[PDB]
Each structure stands twice: as structure tokens, then as C-alpha cells.
Amino acid sequence: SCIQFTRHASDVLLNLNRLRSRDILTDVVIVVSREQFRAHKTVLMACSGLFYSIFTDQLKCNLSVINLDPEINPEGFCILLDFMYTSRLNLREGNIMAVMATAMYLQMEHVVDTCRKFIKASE
Amino acid sequence: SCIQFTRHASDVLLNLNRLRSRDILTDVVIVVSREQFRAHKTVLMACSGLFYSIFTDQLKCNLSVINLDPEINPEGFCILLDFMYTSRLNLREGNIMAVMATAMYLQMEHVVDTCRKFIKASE
Amino acid sequence: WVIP
Amino acid sequence: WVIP
Ligand SMILES: N#Cc1cnn2c(Nc3ccc4c(c3)CC(=O)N4)cc(Cl)nc12
Ligand SMILES: N#Cc1cnn2c(Nc3ccc4c(c3)CC(=O)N4)cc(Cl)nc12
Ligand SMILES: [Cl-]
Ligand SMILES: [Cl-]
């Protein structure tokens, strides 16, 4: 018999992104080649099958630094990290291949789906 | 020129609630009289003006235990904590006064609004 | 607020 | 997915 506040989940996510922008309570740095990205482990796990696996691991759960595979593109990661915190995906002709490869690695199935559909439409 | 995934914010919140249920990466215990509630500081701040103030404080940000005012009802807090993590508010005739008082203390304006409207309709 |  |  609950009532539901429609905008609540979006409002929560907006405030989590504000915390990220101000570097408040971030507990991990994701290293992608020469670039570093600070984030909240809970948000990363909630969005990515890869981070969910990493941070449920009894040893990796306590690491402050995670190094991604050297084949991962920093811009592709940046676009996906922004997506995690906003629901908005900056998908462009110039970045779609990097975004899709990064989303496959991060196990972000909905992003992979759409990248596949956008590529299929251009061929 | 971004695209947006409609269900993303709800999916994030669902996974944050799963983390809470499994006690994964919870970093604070909220003590309400004889009861204890584990939560994620980032979610509490994102939902409550009171917790946003508490956890941006340079000393309180590092506390693992927060004790609420003894006038706060544990069931009212429990209902609001569930709301924070799900967007669903278990508002009942028997708990509405406790929920509204707790929401005023926690500075959760949308919950206060609706409690006020539900009370006005019954008088 | 809605009835979900 | 939508155009926001
Ligand atoms: N507890 C918990 C919890 C935290 N996060 N999380 C999940 N995170 C996840 C796992 C796989 C995938 C995605 C997110 C997006 C995607 O495409 N795949 C799942 C579950 Cl079943 N549980 C949890
Ligand atoms: N950074 C950050 C950040 C984390 N959380 N958070 C806010 N949390 C908040 C503050 C006040 C109120 C509510 C939530 C619900 C309500 O009724 N009042 C606000 C801002 Cl402006 N910023 C942030
Ligand atoms: Cl996804
Ligand atoms: Cl609220």
C-alpha cells in the first residue's frame, strides 16, 4: 500500500553526481592508462557487472586504486562514468567504437545494446 | 546531444538497496533509541538535508555512528530509510504523525509535503 | 506522488 | 533510450 515519489531516483542520482563533482566520500580511483577518475564504489557496482564483481571480492573490495586493462580508452571510460552518474550517454560517431568496447569490458549491457543498434543503422 | 536511458536512475537505486540489504560497503550506523540502522552516507546525504549537513562537516564526516534525537521514532526512521532506498513510502494512519515528524527532522521536504496533504484531507 |  |  506504499505511495511512490516519481522523481526520487533521479534526485538521488543528481546528488550522487554532485558528491562526485565535489570529490565528497569518493573511495576509489580508477586508473585508465595516464588518466585517473575518482568515484564511489557503490555507484560503480550498481552500474557495472565488472565493478560489481571486483568490489564483492573479499580482497579487491578494500583497494583504493583499480587499474583497468591497458586497451581501455580513457575518453570511453569518462563517457561511461558520466553515464553512470547521470543516465546520459554522450554517444558520437567519433567515440562509438571506444564506448562500445569499454561498455563490453565494464559489462554495461544496455549501453552495449544501443551502441550495437547505432552501428547497425550506419552500415 | 546525449541520449538518455529512462530506467537508469531507478536501476541504480535498486542496486543501492540490494547493497544495503547485503550490508555491502555500508559506512555508518544510525542509532535511533534502542534501534540501529546501517546505511551508506552518500545515499543519506542525497536524500536528507540533515545528513547532507552532518556528513559535509569536517569532523562528523568521519564518524561511523550517528545518534539521532531521542524524540525520533525508530519505525518512522525505518519507513524513511526504506523510502530513501526505494522511492516508496509506507504511509499509514497509524504511522503518519511519526513519519512527518521524522521527515521534518531529517529535512525531507517532499515527504513532509505529502504528509501535510494526507493529514489535511482527514480533518 | 503516485500509486505505483 | 530517449532524446532527453
Ligand atoms: N548488492 C548488490 C549489488 C550492487 N550492484 N549490483 C549489481 N550490479 C550490476 C551487475 C551486473 C550488471 C549491472 C549492474 C549493469 C549490467 O549491465 N550488468 C547486480 C546485483 Cl544482482 N546486485 C548488485
Ligand atoms: N555534493 C553533494 C550533495 C549530496 N547531497 N546533496 C544534497 N542533499 C540534500 C539537501 C537538502 C535536501 C535534500 C537532499 C532532500 C530535501 O528535502 N532537502 C543537496 C545538495 Cl545541493 N548537494 C548534495
Ligand atoms: Cl548499462
Ligand atoms: Cl523527500
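Only this structure's heavy atoms are used, side chains among them; waters, hydrogens and symmetry mates stay out. Just so you know, ligand 1 is whichever comes first in the structure, and atom 1 is the first atom listed for that ligand. Below, chains carry the letters A, B, ... as their sequence lines are ordered, and counting in each starts from 1.
Looking at B:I24 next to ligand 1, no N or O pair under 3.5 Å apart turns up. Taking distance alone, with nitrogen or oxygen atoms compared against 3.5 Å, A:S48 stays at or beyond that limit from ligand 1.
For the atom pair OG1 of A:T42 and OH of A:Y52, the computed distance is 14.0 Å after rounding to the nearest 0.5 Å. Expressed to the nearest 0.5 Å, how far OH of B:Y85 lies from CG of B:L14 amounts to 13.0 Å.
Looking at heavy atoms from C-beta onward, A:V31 lies out of side-chain contact with A:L68 at the 4.5 angstrom threshold.
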When you look at B:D82 and B:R20, which way does the salt bridge (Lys or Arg N to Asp or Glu O under 4.0 Å) test go after all the steps?
-> CA-CA 10 Å; B:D82 283 342; B:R20 184 179 64 118; 3.0 Å; yes
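Short contacts between ligand 1 and A:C47, defined as distances under 4.0 Å to a heavy atom of the residue, involve ligand atoms 14 (C), 15 (C). Close approach to A:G49 involves these atoms of ligand 1, each under 4.0 Å from a residue heavy atom: 10 (C), 11 (C), 12 (C), 13 (C), 18 (N).
Taking all heavy atoms of A:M108, B:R22, A:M45, A:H110 into account, the minimum distance to atom 8 (N) of ligand 1 is reached by A:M45.
Residue A:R7 qualifies as open at atom CZ: its count of foreign heavy atoms under 6.0 Å is 12 or below.
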